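Chains as they are written, first to last, in the entry's author numbering: chain E, 8 to 188; chain F, 8 to 188; chain G, 8 to 188; chain H, 8 to 188.
From the three backbone atoms N, C-alpha and C, an ideal C-beta is built for every residue, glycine too.
4 protein chains.
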Amino acid sequence: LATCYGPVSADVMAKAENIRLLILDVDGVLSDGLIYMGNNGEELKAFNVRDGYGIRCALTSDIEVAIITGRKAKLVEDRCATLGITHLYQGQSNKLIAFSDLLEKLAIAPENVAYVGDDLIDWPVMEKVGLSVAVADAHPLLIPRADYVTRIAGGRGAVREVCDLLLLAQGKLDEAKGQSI
Amino acid sequence: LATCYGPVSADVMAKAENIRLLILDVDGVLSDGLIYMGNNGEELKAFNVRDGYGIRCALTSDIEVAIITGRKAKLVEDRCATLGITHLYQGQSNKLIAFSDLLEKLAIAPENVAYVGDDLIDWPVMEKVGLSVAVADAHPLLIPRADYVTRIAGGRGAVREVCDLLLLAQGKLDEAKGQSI
Amino acid sequence: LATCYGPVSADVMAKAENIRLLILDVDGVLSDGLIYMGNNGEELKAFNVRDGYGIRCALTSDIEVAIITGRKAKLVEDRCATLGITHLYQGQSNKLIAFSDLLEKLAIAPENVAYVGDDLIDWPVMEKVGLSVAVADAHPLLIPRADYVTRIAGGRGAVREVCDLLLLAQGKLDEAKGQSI
Amino acid sequence: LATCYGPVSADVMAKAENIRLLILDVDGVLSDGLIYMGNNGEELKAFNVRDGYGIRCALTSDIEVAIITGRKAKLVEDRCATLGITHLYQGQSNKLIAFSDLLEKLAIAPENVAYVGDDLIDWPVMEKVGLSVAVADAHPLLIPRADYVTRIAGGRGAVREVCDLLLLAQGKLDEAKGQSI
Ligand SMILES: [Cl-]
Ligand SMILES: [Cl-]
Ligand SMILES: [Cl-]
Ligand SMILES: [Mg+2]
Ligand SMILES: [Mg+2]
Ligand SMILES: [Mg+2]
Ligand SMILES: [Mg+2]
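The following block contains the structure:
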């Protein structure tokens, strides 16, 4: 079937139909992959507004959104609040331990879960999910392993593409309402 | 029909001939859609100096400039003040309201209004205005709907491109004076 | 003759031999064209490190560097302070007034001056210098007016390219010394 | 000879096998070369998180990591502290002096040392090491001097590429554990 980013396989479209939960990586997926650091200890990161719209569409379209992260950075919390993301696991050695608790807390099967990644630490979780996604400019070794590879880059609208995919496959796209924030 | 950005249709030029008001979204139009967020609630947005020049030219050549955006930040007011933009609406995802307020306060028919946007949230207003513009890298679903697609990406001089177009259509480009600020 | 950016005309090379002073624009030449603003009135601009190396070379090679800019900004002052740029003109409406005052203060003729600009306000001065330069991604209407059009974009090493050219033209590139700061 | 970024020469792979120390430049190598400066003395620099993971991998796989940079900023110390780089030299433009101190302190030969650079100031050291690396978007004059030129630009994963290269040559890539931070 066709999408506004180009055609996708029937298999990928079938996986996208069943997703109840979308897990997102922060750095290199939601952001341009950079961490901005100051002399007085400031730490800034950038998120894509059009990604936000996709995320808010997904949340109003009965798709839950979650984030798994290595270190408890306050900005990610603030960003989650802005978009209304209540599921934020921070300070995570494994992404597997956080992944298991998410499935317990929501009683959702692994095949009903999508994950978007960009580096090799993202894989162990992507191996077990229903739809595994790698961003266009993800690490060369992650790309061939994922079920789907986005056309758009990390922090440039790749998350929007996946949201857009999940909506289309589930036939909620035309009616989906979000905020570009 | 000739512009410094490439050929444009007689229809778009005839539409641009009549613009008394230029409405702009911020994120993905006046910026590349990025939001920088810090660990102490620091927010940063990036604006384009040549977009500024074009806005200055537009305002000194009897064309009003307005802004309607979904987010709300002090920095946006500051940029507005720097450029002499007196009409701004923030924290608004139903953009039809702010738009209707503008049609009242400036006594201006909707077909004398140009609107530049990048996401689907912008379209409700774009459908009603005289000249609707989508930026080169606007969300793929917006692009086919617009009257004119800019050559230049949001945050890189798409606004400048749009200001350039109106001024040329009104015979004002040659003389127009601005400050690249 | 040939350079590390591609061949250049005999004329452009001949003009570069005589350059004793290189005037630079800040926005869109030394910067990515962007101005980063914040909620507590913060303002940040980005400068390229390899531009630093070039400016340092030029200054130790009997080529003065000057900047004409429309505002006062401490960040610019600090940038000039880092690279040893003493001649900084701040708050200039016209650039011609600053250009005359620069010419009289240094006892240097118009043909020994080079200017690197990116927008239509740089032209009134660019017209009067020996070597005028528009950066790769300058406003489309400025590009055909310049003597030389850089291969590298504004804020990416365009200034380095112009330093690299001046130096080579004067037989100083091989022996030049700078710091990538 | 096959990597995930593409084929490298047999000589480069033999060189990479013997690397026991990796020396990095910061500006233009670990970053895209931009320096963010503000009105209050705020300074920012962007590092690449996937670069971090490579460095973390190199450090945990018996390959020491060191930094010599022309600039001086507390922010760099923060970065090295996060990644675990104990060997750091700032405000050092004659980079040979730090290079001398490094070999002396680690009791290690130059032919076991690898250097990634982006500008000419990086060459006097690069000339002496066993594996010299220019980034994809290094200065045109540095590119042909290096043993190897990365496929990825500085600050987009050029350092990660080199980390992947050493690890592969030393058979340590598959098992290498790091953190994308
Ligand atoms: Cl919006
Ligand atoms: Cl200017
Ligand atoms: Cl350096
Ligand atoms: Mg990541
Ligand atoms: Mg928008
Ligand atoms: Mg300028
Ligand atoms: Mg450097």
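I'd like the list of long-range same chain contacts for residue i, defined as Cβ closer than 8 Å, with 5 residues on each side in sequence excluded.
i: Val56 of chain F; result: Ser187, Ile188
i: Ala160 of chain H; result: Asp39, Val142, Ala143, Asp144
i: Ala73 of chain E; result: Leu28, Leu29, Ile30, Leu31, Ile92, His94, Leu95, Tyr96, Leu109
i: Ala17 of chain H; result: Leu8
i: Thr67 of chain H; result: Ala183, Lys184, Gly185
i: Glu24 of chain H; result: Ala176, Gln177
i: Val83 of chain G; result: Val33, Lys52, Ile74, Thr76, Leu95, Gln97
i: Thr10 of chain H; result: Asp171, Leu172, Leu175
So does residue i have its beta carbon nearer than 7 Å to some heavy atom of ligand 3?
i: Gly164 of chain E; result: no
i: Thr89 of chain G; result: no
i: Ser107 of chain H; result: no
i: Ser100 of chain H; result: yes
Tell me whether residue i, by its Cβ, gets closer than 7 Å to a heavy atom of ligand 4.
i: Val56 of chain H; result: yes
i: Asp129 of chain E; result: yes
Buried or exposed for residue i, going by 16 or more other Cβ atoms inside 10 Å?
i: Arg78 of chain H; result: buried
i: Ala21 of chain G; result: exposed
i: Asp181 of chain H; result: exposed
i: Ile75 of chain H; result: buried
i: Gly35 of chain G; result: buried
i: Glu168 of chain E; result: buried
i: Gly98 of chain F; result: exposed
i: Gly48 of chain H; result: exposed
i: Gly178 of chain H; result: exposed
i: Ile42 of chain H; result: buried
i: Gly13 of chain E; result: exposed
i: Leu103 of chain H; result: exposed
Counting only the same chain and skipping the five closest in sequence on each side, list residues whose C-beta sits under 6 Å from that of residue i.
i: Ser38 of chain G; result: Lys52, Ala53, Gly162
i: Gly185 of chain E; result: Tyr60, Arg63, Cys64
i: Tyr155 of chain F; result: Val19, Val140
i: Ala165 of chain H; result: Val142, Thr157, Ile159
i: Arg86 of chain F; result: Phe54
i: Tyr122 of chain F; result: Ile30, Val132, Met133, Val136, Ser139
i: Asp129 of chain E; result: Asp32
Does the beta-carbon of residue i, which I'm using as the reference point, lie nearer than 7 Å to any heavy atom of ligand 1?
i: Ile26 of chain G; result: no
i: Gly77 of chain F; result: yes
Apart from the five residues just before and just after residue i, which ones in its own chain have a Cβ nearer than 7 Å to its Cβ?
i: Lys135 of chain F; result: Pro117
i: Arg27 of chain F; result: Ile70, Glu71, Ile115, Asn119
i: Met44 of chain E; result: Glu50
i: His146 of chain F; result: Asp125, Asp126, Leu127
i: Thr89 of chain F; result: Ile188
i: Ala153 of chain F; result: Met133, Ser139, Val140, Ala141
i: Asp58 of chain E; result: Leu37, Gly164, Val166, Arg167
i: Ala105 of chain G; result: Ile75, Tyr96, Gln99
i: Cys170 of chain H; result: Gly61, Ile62, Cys64, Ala65
When every heavy atom of ligand 2 is checked, does at least one fall within less than 7 Å of the C-beta of residue i?
i: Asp144 of chain G; result: no
i: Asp39 of chain H; result: no
i: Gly161 of chain G; result: no
Pocket of ligand 6 defined by Cβ to heavy atom distance under 5 Å: Listed along the chain, these residues meet the criterion: F:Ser187, G:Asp32, G:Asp34, G:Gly35, G:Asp125, G:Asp126.
Contained alpha helix (DSSP H) runs [length at least 4] in the region 102-161 of chain G, N- to C-terminal order: 103-113, 130-133
Restricting to runs no shorter than 3 residues, where is the beta strand (DSSP E) found entirely within the region 40-104 of chain G? 41-45, 50-55, 71-76, 94-97
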